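Protein chains in written order, with the deposited numbering: chain F, 402 to 545; chain G, 404 to 548; chain H, 400 to 545; chain A, 404 to 546; chain B, 392 to 548; chain E, 402 to 547; chain C, 401 to 548; chain D, 403 to 548.
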């Protein structure tokens with residue numbers, strides 16, 4: 402079935418490899434192995450890195466990949482890196498927002514600091530690309 | 404007739420559709436690229452040209468003509484809780500095509516009032532200004548709770 | 400010497416009628432490209448400079464100008480009844496007969512008489528393909544009254 | 404004499420004119436490209452260089468010098484219902500050359516007042532700012 | 392009485408009617424100024440008085456084959472002298488030459504540029520900075536500013 | 402004798418070499434040696450230098466590298482070059498900010514000067530790329546006792 | 401009248417330019433300067449671009465050495481033939497080093513009376529004064545000049 | 403460990419000796435070929451170092467500038483520095499002494515310094531650190547004149 406609370410931030414190369422198999426991306430196992438992609442790097446993967454460093458030339462294939470990564474990010478356990486439980490805060494707003502947890506905690510944001518965050522920061526620093534999402538997160542952050 | 408549940412389509416249903424619209428030539432590319440319903444609905448000019456090998460702008464226009472038809476008469480119920488499809492359709496039947504674009508950003512009826520022109524263009528993929536403006540206008544004259 | 404039929408239902412034209420028109424206007428040389436690219440009425444009415452150069456192989460700007468001269472004539476005298484419920488054709492024509500050529504551009508965006516008042520300059524240029532500023536300005540002005 | 408009806412010229416008359424002005428070398432290109440009166444009047448720098456193969460900027464300048472003459476002394480009556488030709492000419496004989504530019508956008512005397520500087524440049528092909536400004540000024544005060 | 396125009400250095404004739412010059416007179420002038428090397432190019436391209444007066448950096452480099460910026464500068468130095476002392480009577484009905492000359496003798500060189508756009512004394516008051524640069528080919532800002540200033544302070548009533 | 406926090410500013414080529422081995426970047430030992438990277442240069446290393454001069458072509462590899470370097474920078478002993486103890490000031494704000502110490506002291510900033518620092522300075526001169534971090538550091542700097 | 405102290409560079413011919421190149425250790429470039437027909441006027445107006453592309457001086461360092469010599473020459477040159485209003489002494493009074501800008505200003509037809517109206521853009525683009533510090537000083541002093 | 407070296411007056415030979423002392427003998431040939439003397443050494447840019455002197459590595463350039471900054475910090479500028487800007491800059495911060503030649507080359511002195519802008523200190527005088535620019539500017543506005 403579908404894995405329950407995987408601790409992706411603490412994943413090692415081997416766990417990333419397993420996940421690539423499960424989602425039907427075995428073709429890319431070699432690249433990910435050579436590049437030594439662990440949990441931290443997987444969560445922070447960009448379009449650019451995927452295309453140039455991991456050899457995923459097709460925009461459609463990349464879209465499929467990010468579709469899977471988004472799913473993983475949505476259901477991951479962030480407890481090692483998420484002391485204030487931003488995951489649950491984001492999830493309460495909309496389950497789909499949970500995917501942004503690692504982006505926020507990687508900049509050192511927590512519940513208490515969230516109120517002061519700017520739109521630019523959510524886009525550039527936290528990697529929230531959808532305006533709709535940014536706006537909703539911003540709004541809710543100002544009112545808690 | 405029956406409206407196809409394109410959001411839930413798999414590669415095989417996409418392959419069938421390509422045949423029906425006279426694009427059998429492209430079946431192999433779509434198979435290789437593993438285009439399912441979700442990816443079909445979200446297909447861009449760029450992806451069509453570069454990743455699927457549809458070099459001609461005219462051919463791409465023909466393709467989008469067919470895709471727009473499909474999108475107009477698709478069943479979105481699995482992914483469209485608030486029934487944005489009918490809201491769009493009531494404005495103009497041709498706007499139903501934008502359903503998946505809106506629900507893919509997590510918009511629904513309640514959130515629609517707050518949407519910006521930039522958001523409709525960049526996030527939702529509504530390319531025609533005329534359409535954007537009409538959708539924006541009608542969204543502001545909704546229920547604001 | 401005007402191509403026959405006059406007052407044609409270009410929106411409903413198929414490849415064959417496009418082919419016939421190309422012959423009549425002395426562009427037989429391009430029949431093959433139009434055939435290969437499967438240009439019908441709808442696509443002919445929406446044809447761009449870019450598509451004409453790249454996809455249909457009309458390399459000369461002067462040849463493209465000759466082509467658009469003919470296409471403008473066709474668009475000016477075409478029957479748009481199937482696709483133009485609000486009769487934008489007559490509205491445009493009343494302003495200036497030459498403006499009737501913009502009918503398909505306006506109806507293809509889903510504009511009609513009632514919506515026209517709200518249209519912007521950007522919309523007329525980008526969405527409706529009205530390239531001449533003079534024309535855009537006149538159409539815009541008249542739209543803001545109705 | 405009588406001014407030639409350049410708007411109605413066919414390929415053959417364009418060919419004749421090229422010979423007369425000493426541009427015989429370009430007859431073949433003009434023939435291949437099927438340049439008639441309408442296209443001759445609307446010819447751009449770009450078309451002349453790329454489509455007609457006139458590589459030299461100096462040669463193009465010589466060509467436009469001849470074309471401007473032709474435009475200045477052409478008969479526009481078929482296409483110029485409101486006689487913009489005479490209006491332009493009265494301002495400055497040299498402005499008659501812009502007749503076809505204006506009538507091709509569907510302008511006439513009555514509409515002229517509403518024209519903008521951008522429109523005269525982009526739509527009508529009036530490249531000299533000085534000329535644009537004078538035509539604009541006079542158009543607003545006939546209103 | 393600083394008249395070096397009666398000097399041996401200065402190309403003959405003095406006060407030439409350059410607007411009416413034909414290829415042959417252009418050829419003669421090239422010889423006098425030590426640009427014989429370019430005679431062939433100018434002949435081939437059929438440069439007459441009107442084209443000589445209107446010549447641009449671009450035409451000089453690409454169409455006439457003068458690849459060096461320094462050589463072009465030398466050329467324009469000579470052309471500016473010619474333009475400064477030329478007779479513009481055929482083309483300058485309102486005597487813009489004298490108007491420009493009264494401001495500064497070296498501004499007379501702009502005469503053909505101004506009359507070529509259809510400027511005259513009466514119209515000069517309305518001229519813009521853009522027009523002097525793009526239409527008249529006055530490249531030096533200092534010159535543009537002085538001409539502009541003087542034009543705005545003209546009596547048109 | 403072994404110190405807890407390493408004195409990276411005083412490191413020589415040999416200590417840099419050792420560190421590369423420990424973090425699994427032995428592959429790059431040669432490049433670092435040829436380029437004569439010491440502690441000072443290691444602390445000041447940029448993306449560009451890492452790619453072009455040290456031959457680390459992969460953006461993923463560079464990310465792994467900087468992940469290790471950030472840790473080193475966070476826990477380094479800066480006492481030789483940090484007379485006013487900006488390290489502890491930054492650390493008090495957030496332990497993760499200690500990584501910016503060498504950036505600040507390399508421009509000649511100290512506690513007394515910190516109040517005057519601008520956003521542009523923190524970005525261009527000090528190399529603080531994260532907006533969130535800049536803003537927090539800036540805020541705290543303005544509200545200091547001069 | 402045989403040897404002058406301050407050289408009349410504006411009136412120099414090719415031959416005097418050639419001699420100067422030899423003296424400053426740039427004999428290697430004599431042929432290029434000869435071929436390009438560089439006289440005093442052109443020497444004084446030489447740009448970075450012309451020096452690199454037309455005269456073949458590829459190195460930025462070599463160009464810097466060249467301009468170091470040219471700046472000296474420009475600073476001490478006699479401009480009397482072309483400088484009626486004595487802008488040279490005006491510039492010199494501000495700072496001796498600013499005398500090097502004389503030919504740049506007189507070549508645009510500036511003089512003392514016109515100086516008050518000059519703009520920063522003009523000093524940079526038309527007169528070739530590249531150092532902002534120099535432009536600012538010249539601009540400041542020019543604001544206290546009397547115009548007509 | 404040179405005491406007050408008169409770098410502005412240095413000839414090719416002294417620059418060569420200096421290169422040897424700092425472990426850059428590899429670059430002696432290029433510096434010789436390009437005829438780098440004291441004046442050119444003090445005014446050297448990243449661009450000239452890369453393109454004209456063949457120092458391809460950014461890291462090597464950084465090492466070089468580290469040495470040059472040291473030399474500039476300890477140099478005797480008396481030939482070119484009549485108002486003793488060197489001591490004024492040094493009194494502010496010993497690390498500012500390195501900017502002496504940049505300032506005096508533009509003809510600046512103690513009395514003029516106040517009129518300089520931040521852009522001028524960057525573009526004309528080659529002061530790359532914003533923090534340094536701002537500190538020099540501030541102190542210049544508050545100084546005692548005659």
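We treat Cβ as the ideally placed atom computed from N, Cα and C, and that holds for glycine.
Give the secondary structure of residue 400(H) by DSSP, where H, G and I count as helix, E and B as strand, and everything else as coil. Looking up residue 400(H) in the third chain gives position 1. Residue 400(H) falls in the coil class under three-state DSSP.
Spatial distance of residue 501(A) from residue 526(A) (CA atoms): Translated into the one-based positions of the fourth chain, residue 501(A) becomes position 98. Translated into the one-based positions of the fourth chain, residue 526(A) becomes position 123. One C-alpha to the other measures close to 12 Å.
Quick one: is residue 495(E) near chain F, going by C-beta distance under 8 Å? Stepping through the sixth chain from its first residue, residue 495(E) is reached at position 94. Yes - at least one Cβ of chain F is within 8 Å of the one on residue 495(E).
Evaluate contact between the segment 432-447 of chain D and the segment 458-477 of chain C, counting only Cβ atoms and requiring at least three cross-stretch pairs below 8 Å. yes
Tell me whether the beta-carbon of residue 528(E) lies closer than 8 Å to the beta-carbon of residue 504(E). Taking the first residue of the sixth chain as position 1, residue 528(E) is located at position 127. Taking the first residue of the sixth chain as position 1, residue 504(E) is located at position 103. Yes; because the gap between Cβ atoms is below 8 Å, this pair is in contact.
Rounded to the nearest angstrom, what separates residue 429(D) and residue 469(D) at their Cα positions? By one-based count along the eighth chain, residue 429(D) stands at place 27. By one-based count along the eighth chain, residue 469(D) stands at place 67. Approximately 14 Å, taken between the alpha carbons.
Rounded separation between residue 523(C) and residue 515(E) - CA only: Working through the seventh chain from its first residue, we reach residue 523(C) at position 123. Working through the sixth chain from its first residue, we reach residue 515(E) at position 114. About 39 Å.
Note the first and the last residue of the continuous alpha helix (DSSP H) segment covering residue 538(F). Walking along the first chain from the start, residue 538(F) turns up at place 137. For residue 538(F), the enclosing alpha helix (DSSP H) begins and ends at 532-543.
Residue 534(G): which of 513(G), 496(G) and 511(G) sits nearest, CA to CA? Within the second chain, residue 534(G) is the residue found at index 131, counting from 1. Measuring from the Cα of residue 534(G), the nearest candidate turns out to be 496(G).
By Cβ distance below 6 Å, which residues in the same chain neighbour residue 479(C) in space, the five residues on each side in sequence not counted? Numbered from its first residue, the seventh chain carries residue 479(C) at position 79. Closer than 6 Å at the Cβ level, and outside the excluded window around residue 479(C), lie 488 and 502.
At 9 Å on the CB atoms, spell out the chain G contacts of residue 460(F), in chain order. By 1-based counting over the first chain, the position of residue 460(F) is 59. Residues of chain G passing the Cβ test: 447, 449, 450, 453 and 454.
Starting from residue 417(A), follow the alpha helix (DSSP H) in both directions and report where the run begins and ends. As a working mapping, residue 417(A) is identified with position 14 in the fourth chain. Note, residue 417(A): alpha helix (DSSP H), 414-423.
When you compare the CB of residue 492(E) with every CB in chain F, is at least one pair closer than 8 Å? For the purposes of this step, residue 492(E) is identified with residue 91 of the sixth chain, where counting begins at 1. Output row for residue 492(E): interface = no.
When the distance is taken between beta carbons, is residue 485(H) closer than 8 Å to residue 454(H)? Looking up residue 454(H) in the third chain gives position 55. Looking up residue 485(H) in the third chain gives position 86. No. Outside cutoff.
Using the three-state DSSP reduction, which class does residue 508(D) fall into: helix, strand or coil? On the eighth chain, position 106 is the one that residue 508(D) refers to. Residue 508(D) falls in the coil class under three-state DSSP.
Beta-carbon neighbours of residue 508(H), restricted to chain G and to distances below 7 Å: Numbered from 1 along the third chain, position 109 holds the residue referred to as residue 508(H). By Cβ distance, chain G contributes 531 and 533.
Count the other CB atoms, across all protein chains shown, that sit within 10 Å of the CB of residue 372(D); report buried if there are 16 or more and exposed otherwise. Past the edges of chain D, shown from 403 to 548, lies residue 372(D), and the structure says nothing about it.
Since I believe residue 498(D) is in contact with residue 538(D) (beta carbons under 8 Å), could you give me their beta-carbon distance rounded to a whole number of angstroms? The residue you call residue 538(D) lines up with position 136 of the eighth chain. The residue you call residue 498(D) lines up with position 96 of the eighth chain. Right, their Cβ atoms sit about 6 Å apart.
Per DSSP, what kind of secondary structure is residue 346(C) in: helix, strand or coil? The displayed coordinates of chain C run from 401 to 548. Any statement about residue 346(C) would go beyond what the structure contains.
Outcome for residue 521(G) when other beta-carbon atoms lying within 10 angstroms are tallied against a minimum of 16: Taking the first residue of the second chain as 1, we reach residue 521(G) at position 118. Residue 521(G) comes out exposed.
Short CB-CB distance (under 8 Å) between residue 512(G) and chain H: Locating residue 512(G) in the second chain gives position 109, where the first residue counts as 1. So no, residue 512(G) is outside the interface.
State yes or no: is the beta carbon of residue 413(G) nearer than 8 Å to at least one beta carbon in chain H? Your numbering for residue 413(G) matches position 10 in the second chain. For residue 413(G), the closest Cβ of chain H is not nearer than 8 Å.
In the DSSP assignment, find the alpha helix (DSSP H) that holds residue 522(H) and state where it starts and stops. Position 123 of the third chain holds residue 522(H). 520-525 is the extent of the alpha helix (DSSP H) around residue 522(H).
Tell me, please, whether the CB atom of residue 436(C) is closer than 8 Å to any CB atom in chain B? Along the seventh chain, read from residue 1 onward, the residue named residue 436(C) stands at position 36. For residue 436(C), the answer is yes, since a Cβ of chain B falls inside 8 Å of its Cβ.
Flag residue 543(H) as yes if its beta-carbon sits less than 8 Å from any beta-carbon of chain A, otherwise no. To locate residue 543(H), count along the third chain from 1; it is residue 144. Not an interface residue.
What does residue 428(G) touch in chain H if you count any residue whose Cβ is under 9 Å from its own? In the second chain, counting from the first residue as 1, residue 428(G) sits at position 25. Neighbours of residue 428(G) on chain H: none; closest Cβ ~12 Å, over 9 Å.
What is the DSSP secondary structure of residue 483(G), counted as helix, strand or coil? Translated into the one-based positions of the second chain, residue 483(G) becomes position 80. Note: residue 483(G) maps to coil in three-state DSSP.
Top-ranked residue by Cα proximity to residue 490(B), from 541(B), 414(B), 452(B) and 447(B): Here residue 490(B) corresponds to residue number 99 of the fifth chain, with the count starting at 1. For the residues 541(B), 414(B), 452(B) and 447(B), the minimum Cα distance to residue 490(B) belongs to 541(B).
Cβ-Cβ distance between residue 416(H) and residue 437(H) below 8 Å: For the purposes of this step, residue 416(H) is identified with residue 17 of the third chain, where counting begins at 1. For the purposes of this step, residue 437(H) is identified with residue 38 of the third chain, where counting begins at 1. Cβ atoms of residue 416(H) and residue 437(H): not closer than 8 Å.
Which two residues bound the contiguous alpha helix (DSSP H) that contains residue 459(G)? Counting from 1 along the second chain, the entry for residue 459(G) is found at position 56. No alpha helix (DSSP H) contains residue 459(G), which DSSP labels as neither H nor E.
So is residue 513(D) buried or exposed if we call it buried at 16+ other beta carbons inside 10 Å? Taking the eighth chain and counting its residues from 1, one reaches residue 513(D) at position 111. So residue 513(D) ends up on the exposed side.
Tell me which residues share the same chain as residue 411(A) and place their Cβ nearer than 7 Å to its Cβ, disregarding the 5 neighbours each side in the sequence. Within the fourth chain, the letter at position 8 stands for residue 411(A). Residues 440 and 481 of the same chain have their beta carbon placed closer than 7 Å to that of residue 411(A), with the five preceding and five following residues left out of the count.
If I measure Cβ to Cβ from residue 456(G) and keep anything under 8 Å in the same chain, skipping five residues before and after, which residues do I get? Locating residue 456(G) in the second chain gives position 53, counting from the first residue. So the list reads 429 and 432, once near-sequence residues are dropped.
What residues in the segment 463-477 of chain G bring their beta carbon closer than 7 Å to a beta carbon of chain H? 464 and 465
Looking at residue 435(D) and residue 460(C), is the spacing between their C-beta atoms short of 8 Å? As a first step, residue 460(C) must be located in the seventh chain, where it is residue number 60. As a first step, residue 435(D) must be located in the eighth chain, where it is residue number 33. No, the pair does not count as a contact, with Cβ atoms beyond the cut-off.
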